[PDB]
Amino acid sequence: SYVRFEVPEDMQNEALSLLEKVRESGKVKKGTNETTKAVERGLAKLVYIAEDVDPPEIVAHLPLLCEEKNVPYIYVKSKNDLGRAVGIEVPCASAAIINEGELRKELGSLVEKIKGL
């Protein structure tokens, strides 16, 4: 689909777990509208995009945009899992990390692992 590279589930789980952790020591935007706004304003440190989005055009612009902004993005399998990770009661098509908090190093590890694809 609108997917520009495959992502290992090891990495996926690493990322989602990091997203939960950032929620308490950092800042996160959740939902495509917020995330697009964040990337546009150049606040996004790592953006998450779910792969099971129907219709696709809802997240279709996000990979293209992140790459023009040279903002790292990473894909995850289910929007349900991303909804759970940002701490909401509904599925979440995309999200983003805006302020890392204390997790300077973990996020460094993860974004570096993402370039490797």
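Throughout, we count residues from 1 along the sequence that is shown.
- In this entry, the higher average B-factor at the C-alpha atoms falls on 59 to 67, of the pair 59 to 67 and 31 to 39.
- In this crystal structure, the stretch out of 42 to 50 and 78 to 86 whose C-alpha atoms carry the higher mean B factor is 78 to 86.
- In the deposited entry, the Cα temperature factor of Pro91 sits in the middle third of values across the chain's modelled residues.
- Residue-level temperature factors show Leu19 in the middle third of its chain, judged at the C-alpha atom.
- Remark: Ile98 belongs to the lowest third of its chain, ranked by C-alpha B-factor as recorded.
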